[PDB]
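Quick note, the sequences are listed as chains R, 1, X, b and J, same order.
If you use PDB author numbering, the first sequence corresponds to residues 75 to 196, 248 to 356, in order.
The second sequence begins at 338 in PDB author numbering and counts up one residue at a time.
The third sequence begins at 7 in PDB author numbering and counts up one residue at a time.
The fourth sequence begins at 109 in PDB author numbering and counts up one residue at a time.
The fifth sequence begins at 251 in PDB author numbering and counts up one residue at a time.
For every residue, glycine included, the Cβ atom is placed at its ideal position computed from N, Cα and C.
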Amino acid sequence: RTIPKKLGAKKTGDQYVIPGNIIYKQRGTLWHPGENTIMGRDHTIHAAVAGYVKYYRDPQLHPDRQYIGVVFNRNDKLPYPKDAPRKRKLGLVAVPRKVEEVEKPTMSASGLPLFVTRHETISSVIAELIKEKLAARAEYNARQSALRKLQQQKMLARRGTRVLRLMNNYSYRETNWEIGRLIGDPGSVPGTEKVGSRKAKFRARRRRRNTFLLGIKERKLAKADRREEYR
Amino acid sequence: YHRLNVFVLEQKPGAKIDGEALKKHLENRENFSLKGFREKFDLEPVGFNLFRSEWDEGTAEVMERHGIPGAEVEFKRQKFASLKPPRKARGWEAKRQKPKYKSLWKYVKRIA
Amino acid sequence: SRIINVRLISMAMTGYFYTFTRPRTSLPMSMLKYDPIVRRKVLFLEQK
Amino acid sequence: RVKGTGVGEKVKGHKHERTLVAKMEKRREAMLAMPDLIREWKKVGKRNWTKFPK
Amino acid sequence: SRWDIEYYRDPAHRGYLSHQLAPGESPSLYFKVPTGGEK
RNA sequence: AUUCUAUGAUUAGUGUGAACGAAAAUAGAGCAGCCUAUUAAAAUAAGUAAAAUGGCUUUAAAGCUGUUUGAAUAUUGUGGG
RNA sequence: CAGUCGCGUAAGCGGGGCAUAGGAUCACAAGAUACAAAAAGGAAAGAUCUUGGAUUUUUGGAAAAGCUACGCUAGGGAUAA
Ligand SMILES: [K+]
Ligand SMILES: [K+]
Ligand SMILES: [Mg+2]
Ligand SMILES: [Mg+2]
Ligand SMILES: [Mg+2]
Ligand SMILES: [Mg+2]
Ligand SMILES: [Mg+2]
Ligand SMILES: [Mg+2]
Ligand SMILES: [Mg+2]
Ligand SMILES: [Mg+2]
Ligand SMILES: [Mg+2]
Ligand SMILES: [Mg+2]
C-alpha cells in the first residue's frame, strides 16, 4: 500500500481559475503549457491569470502537441490566430501617489544625535604626425594619471568614513549594511572586475620587445667601438 | 514599461495626404489604431524602430513642464484572494483551543 | 563516511555560514555567496 | 551604594556590549580587505587555494 | 536596576531623573555619545 | 515568633513524560512576650560553620547526614542569608 | 516584494538536478540574535534564527529472551480437540 499520487486533471474545460491554481498534474508533458499558463518543476501546469481553462491543439506552434490555456473571456476559443492582437488585461488598481518628502531629523526624542559621522586623516612630415600621435597618447596618459589620482582620493575618504548611528539601548555602532557598501556600491563584486585592459597589455608587450631588440643594437654597436680600437 | 513604436510608412506614388485631413483623424480618437489608420490612407509599413520608457526620477518633472496630467497616480498589482470558503480548523489541538479546555492548554498553546 | 558535511564560513567575519556536502577524497570547497549580514556577495571558505 | 548603580559605581555592561566596538571593527577591517582577497582567489584559482579559516 | 534607572533618566520619557543629565550627556549608564570630527 | 483555615496556585518551578508543586502577600481564628524566662536555664557557644566525597531533601541555593578534613570575632563592617 | 549576483545583443532566465525512491521533538554541539538576567552590577542556566551528528529502519520516533502437561483471572468462542 503506497500513498496515492492523484495525477490527472484538476480543472476541466471552461472552469474558472485564478493565478497559481493547478490545472493538470502529470509525469512528463502529456499536455504542454499554452496561453497564459506556467509549467512547474514536475511538469504541473498552473494558471498565470484569472480566467477559464481551455484544452486545445495548436497546429501552427507544433504539429503534434496538445496545450492547456487560460482565456479572459469564457466565450473565446483557442488557439488564437497568430495575426490577431494579443488579448491582455491591465491587472492594476489606481491609487493616489505618495507625498513623501525629505524630512530626515537630526536628534532623537532624548536629544541625542541620530547619526555621528567620523572621518579619517592620513621622416620629415611623418615626424610631425608621430609627434601628434605621441602627444595624444602622452596627453591621455597624463589625463589617466590625473584622474586615477582622483579616484584614489574618493575611495580613501569613503573607506575611511564612519557613520555611527543610534540603535537600541542608547548604543552607537556602525550598521553592517553600510560596512558592506564601503568598498563599493552594490551591483558588482569588487575584485572580479579586471583592473587591466587587454589593449594596454599589448602596448606594454611591444614596448618591452622594442627595448630588448633595441638593447641588442646598442650592445652590438658598443662592441663595434671596442673592436675598432683593437684593430 | 511602455513601448513606443516608431513606424515609417510609405505613401503610394502621387498620393499626398491633405494637411487638414490628417489633423482631423486624431480628433476625438483616444485609441490610435495603426491598422485602421493605415487602411484609410493606403499606406504601407517599410521601416520601424523601438524604444521603451518607464517611470524614472525625471518623469514627475517632465510632466510639470508640459502639464501632462496623471502624475499623482500610482498603480498597484491586483491581488486575487483564495476562492475557498472559510472552514473550521481541524486537529486535536485546534479543537481544544477555547477556554473550555483550559486544563489542556499546555498541549495546545505555544506550539512551535 | 564517504561524504562529509562541511561549513563554508564567510570571510567578512560576520559569522554567517553555508553547509554543503562533498566527498572526503576531494579538495576543500570555496564559493562566492551572499552574506545576509552585510548584504553583499563575499568569499566563503571551508571552516577547517 | 549597591554594586553598579550606587553612588560612585560604574555599570560593567553585558559582554555583548563590552565586545561591540571590537566586533564591528573586525567586520569593517575584513570588508576593506575583501576586494584584495577575491583578486588573490580568482588569480590563484579555487583548486590552488590553500588559505582557510581555523 | 540599570534599565529602570535609564528609563527615567532620559528626557524622551520625561523621566523625573532627567534633571541629573547634561545636554551632551546620554541617558545610558554605560554607552556614551561619540564625538564627530576628524582626529 | 509559632500553630490552624482559605486565597495566592491546574502559578513560579521541576520532570523526557505522566504528574508533582512553593514562597512573598492578603483575609479569618487566636495574639505574648522573654533570660529577674513566674520556676528557676547562657559566664553568648569549635571538631562547630564549612570543604571534598557517598546519600537524603530539592530547582543548582538553603536544610539533614556517614567517611576524611577544617574557620572567623561585631555596622570602626567579624560571621550567616 | 525587498536585498544583490551570474549569464545574455536583447527578450529575459536562475530560490539545484526531465519527473516519480533520504524522519520530528528532546538532549548535545558550532555560529549568529541582544530578548529576559530571581536584591543590584555581571554571569550561569534559558529564548529566537541557521546548521550538524540517527538501519531514531517497529522509519508519527520502548534500551527488552524463553518455559509452564501444575498454571491463575477476565473474556471471545475469528473453529481451536
Ligand atoms: K510550569
Ligand atoms: K547544600
Ligand atoms: Mg497555602
Ligand atoms: Mg551566637
Ligand atoms: Mg553542615
Ligand atoms: Mg551561598
Ligand atoms: Mg549555612
Ligand atoms: Mg543579578
Ligand atoms: Mg541572587
Ligand atoms: Mg509506526
Ligand atoms: Mg505517513
Ligand atoms: Mg464467525
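What residues in the stretch 306–323 of chain R have a beta carbon less than 7 Å from any beta carbon of chain X? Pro311 and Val314
Can you tell me whether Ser32 (chain X) is buried or exposed, with buried defined as 16 or more other CB within 10 angstroms of its CB? Looking up residue 32 (chain X) in the third sequence gives position 26. Exposed: under 16 other Cβ atoms inside 10 Å.
Please list, in chain order, the residues of the stretch 133–157 of chain R that have any C-beta partner in chain X closer than 8 Å. none
Outcome for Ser16 (chain X) when other beta-carbon atoms lying within 10 angstroms are tallied against a minimum of 16: Residue mapping note: residue 16 (chain X) aligns to position 10 of the third sequence, counting from 1. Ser16 (chain X) is buried by the Cβ-count criterion.
How would you list, in chain order, the residues of chain J whose beta-carbon sits under 8 Å from the beta-carbon of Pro187 (chain R)? As a working mapping, residue 187 (chain R) is identified with position 113 in the first sequence. By Cβ distance, chain J contributes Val283 and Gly286.
I need the boundaries of the beta strand (DSSP E) containing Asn386 (chain 1), first residue and last residue. As a working note, residue 386 (chain 1) is residue 49 in the second sequence. Run containing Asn386 (chain 1): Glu381 to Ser390, per the beta strand (DSSP E) assignment.
I'd like to check one pair, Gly305 (chain R) with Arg45 (chain X): are the Cβ atoms closer than 7 Å? In the third sequence, residue 45 (chain X) corresponds to position 39, counting from 1. In the first sequence, residue 305 (chain R) corresponds to position 180, counting from 1. The answer is yes: Cβ separation under 7 Å.
Whether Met19 (chain X) touches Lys120 (chain b) by CB criterion (7 Å): Reading the third sequence from its first residue, position 13 is the one you call residue 19 (chain X). Reading the fourth sequence from its first residue, position 12 is the one you call residue 120 (chain b). Not closer than 7 Å, so no.
With 16 as the cutoff for other CB atoms within 10 Å, does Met139 (chain b) come out buried or exposed? Counting from 1 along the fourth sequence, the entry for residue 139 (chain b) is found at position 31. With 16 or more other Cβ atoms within 10 Å, it is buried.
In or out: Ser313 (chain R) buried (at least 16 other Cβ within 10 Å) or exposed? Working through the first sequence from its first residue, we reach residue 313 (chain R) at position 188. Exposed: under 16 other Cβ atoms inside 10 Å.
Proximal residues of chain b, C-beta to C-beta of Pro34 (chain X) below 7 Å: By one-based count along the third sequence, residue 34 (chain X) stands at place 28. Under the 7 Å cutoff, chain b gives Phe160.
Kindly indicate which three-state DSSP category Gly356 (chain 1) falls into: helix, strand or coil? Against the second sequence, residue 356 (chain 1) aligns to sequence position 19. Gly356 (chain 1) falls in the helix class under three-state DSSP.
For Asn293 (chain R), go through chain X and note every residue whose CB falls closer than 7 Å to its CB, in chain order. As a working mapping, residue 293 (chain R) is identified with position 168 in the first sequence. Chain X residues near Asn293 (chain R): none, gap ~17 Å exceeds 7 Å.
Mind pulling the chain b residues with CB within less than 8 Å of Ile304 (chain R)? Residue numbering aside, residue 304 (chain R) sits at position 179 when the first sequence is read from its first letter. Those within 8 Å of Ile304 (chain R) in chain b are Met132, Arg135, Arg136 and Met139.
I think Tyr265 (chain R) touches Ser276 (chain J), with their Cβ atoms under 8 Å apart; what is that distance to the nearest whole Å? For the purposes of this step, residue 265 (chain R) is taken as residue 140 along the first sequence, with counting starting at 1. For the purposes of this step, residue 276 (chain J) is taken as residue 26 along the fifth sequence, with counting starting at 1. Actually they do not touch by this definition, with Cβ atoms about 54 Å apart.
Looking at C-alpha atoms only, which residue of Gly384 (chain 1), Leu363 (chain 1) and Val383 (chain 1) is the closest neighbour of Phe374 (chain 1)? Sequence index remark: in the second sequence, residue 374 (chain 1) carries index 37 (1-based). Minimum Cα distance to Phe374 (chain 1) is reached at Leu363 (chain 1).
For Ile15 (chain X), decide whether its Cβ has a neighbour in chain b, counting only Cβ atoms nearer than 7 Å. Looking up residue 15 (chain X) in the third sequence gives position 9. So yes, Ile15 (chain X) belongs to the interface.
Give me the residue from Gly114 (chain R), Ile119 (chain R) and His136 (chain R) with the minimum Cα distance to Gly82 (chain R). Looking up residue 82 (chain R) in the first sequence gives position 8. Of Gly114 (chain R), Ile119 (chain R) and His136 (chain R), the residue nearest in Cα terms is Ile119 (chain R).
Quick check on the burial criterion: 16 or more other C-beta atoms within 10 angstroms. Buried or exposed for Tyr141 (chain R)? As a working note, residue 141 (chain R) is residue 67 in the first sequence. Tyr141 (chain R) is buried by the Cβ-count criterion.
From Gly407 (chain 1) to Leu387 (chain 1), what distance separates their C-alpha atoms? Reading the second sequence from its first residue, position 70 is the one you call residue 407 (chain 1). Reading the second sequence from its first residue, position 50 is the one you call residue 387 (chain 1). Distance between the alpha carbons of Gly407 (chain 1) and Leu387 (chain 1) is about 24 Å.
Within the stretch 89–170 of chain R, note down every full beta strand (DSSP E) run reaching 3 residues or more, in order along the chain. 96–99, 111–113, 119–121, 125–131, 140–145 and 166–169
Do you know how far the Cα of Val144 (chain R) is from the Cα of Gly165 (chain R)? Position 91 of the first sequence, counted from the first residue, corresponds to residue 165 (chain R). Position 70 of the first sequence, counted from the first residue, corresponds to residue 144 (chain R). Roughly 15 Å between the two C-alpha positions.
For chain R, find out if any of its Cβ atoms is closer than 7 Å to the Cβ of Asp260 (chain J); answer yes or no. The count along the fifth sequence starts at 1 and reaches residue 260 (chain J) at position 10. By this cut-off, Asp260 (chain J) is an interface position.
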